[PDB]
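Before any questions on how it binds or moves, here is one chain, the form deposited in one PDB entry, in structure tokens.
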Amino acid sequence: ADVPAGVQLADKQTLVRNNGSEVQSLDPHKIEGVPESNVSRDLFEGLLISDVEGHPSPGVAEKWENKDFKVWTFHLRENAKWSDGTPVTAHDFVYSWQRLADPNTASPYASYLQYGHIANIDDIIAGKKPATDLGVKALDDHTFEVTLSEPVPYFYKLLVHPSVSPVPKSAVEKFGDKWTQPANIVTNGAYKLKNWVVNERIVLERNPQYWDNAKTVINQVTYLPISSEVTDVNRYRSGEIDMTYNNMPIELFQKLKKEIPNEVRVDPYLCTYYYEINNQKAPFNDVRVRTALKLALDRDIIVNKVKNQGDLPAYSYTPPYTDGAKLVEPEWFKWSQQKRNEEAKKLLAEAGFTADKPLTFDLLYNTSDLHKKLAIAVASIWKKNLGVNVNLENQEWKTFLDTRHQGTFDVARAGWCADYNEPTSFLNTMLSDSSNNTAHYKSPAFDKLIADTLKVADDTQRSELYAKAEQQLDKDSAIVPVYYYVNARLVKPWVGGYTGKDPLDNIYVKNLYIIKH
């Protein structure tokens, strides 16, 4: 944290944050969500971290260089240490990235090494070559060298993500899956795990061995797993929660803006809300069926007359404000709803869905007030504009992720946030073989468009290829885009250090501080 001159700091430096739900795990190679990443950034640190405005900055690596965007060399700081006092070395990174690539780890982010194009990743993922073949090497204890199969100019932007953080081999190898219990875990971030009570709380305390420990101000931070946005708000305003999760209740939002406007933080966020269609499950494997759902959805009612929290109606997957996105707006987005409905009714009828035989399916969402209210309004618009019957089903977070990876769903509420600010952070998730592809979308035409972006050394053709890739997804109606998020949350007036400037919202509790109040 960088405390301004003249700020008076409270005597007790502790913070309570709501985190939306119970995390799927504390192991960085086993996580895929925002709740999981919020806690991971405070425990495990990788080569680069984000500064308070979101820019990629030095983490364990003090400096780095590249040769042709293909060979990247990271010089690790000599005082980086684990919480048990042992040093963080280049060998930790070699071990960790081979463990992430290893099919046996079954990481939901296995494909993040493909996004980066580390040499040999495809064969390692496919079981053809051992993980030890990965293109990474420790030249010495403090120099980590990475070799790509192609020039990737934005490569270092990826490195702030939890998946490429280091894991302590000795604990992983001694305790297996219980290496993350408070008694066994070893961490290299600003905090260490003090307590973990499933469905109650996660308590972290400062890690004294952290190399930048002298700038850490908060000594203890608690993460709560409350998935009810109304409860998060009540407990914030009663004084128990200092920072809500960034899901706001439709029930109270307008009233909070009126009553505690200074506490309501609303900033740009690179995330898209959408309904994920299982592309492999009949009748969703029919493009007319997906296109009808996409068209009959009235975004103006949902975004502006139902949620009304500042989001923008979406027509694409990648948010249009992502760095390097130059998207073309589809013409159906330009039509009236009336024309969209007529066309939707027409396509559904071509697929064999009459009034005598309505299309019926389930809409799965992760337990939440906000997602339930939105699913009820959407089930209702689809009923009214298309005559389809929708069954709403809620699942707790970690189970809901599981269901989607397995493909046992029809339609699911979804929301992807960027891991790095470049259009492939979104587009790579739709690759046929991506481990993050829960749409189960497989398109060789889409896959080839993304492959070509790294075969050109021109940012205008790359952008033109990203816009054609969004157009291919749109043509296939792989998903139903709803809105581009605004990051809305409540932050007590005594929480300093949160600018709201990072569009990826990569918050580190080590940068925050409590003002005396």
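Residue numbers run from 1 along the displayed sequence.
If you look for the form deposited in another entry, you will not find it shown, but the lines that follow are about it.
- Splitting the chain into two rigid parts for the change between the shown form and the other one, with each C-alpha assigned to the part whose superposition fits it better, puts residue 278 and residue 222 in separate parts.
- Three angstroms is the minimum change: in the other form, the CA atoms of residue 442 and residue 105 sit farther apart than in this structure, by 3 Å or more.
- Distance between the C-alpha atoms of residue 413 and residue 105: longer in the other form than here (change of 3 Å or more).
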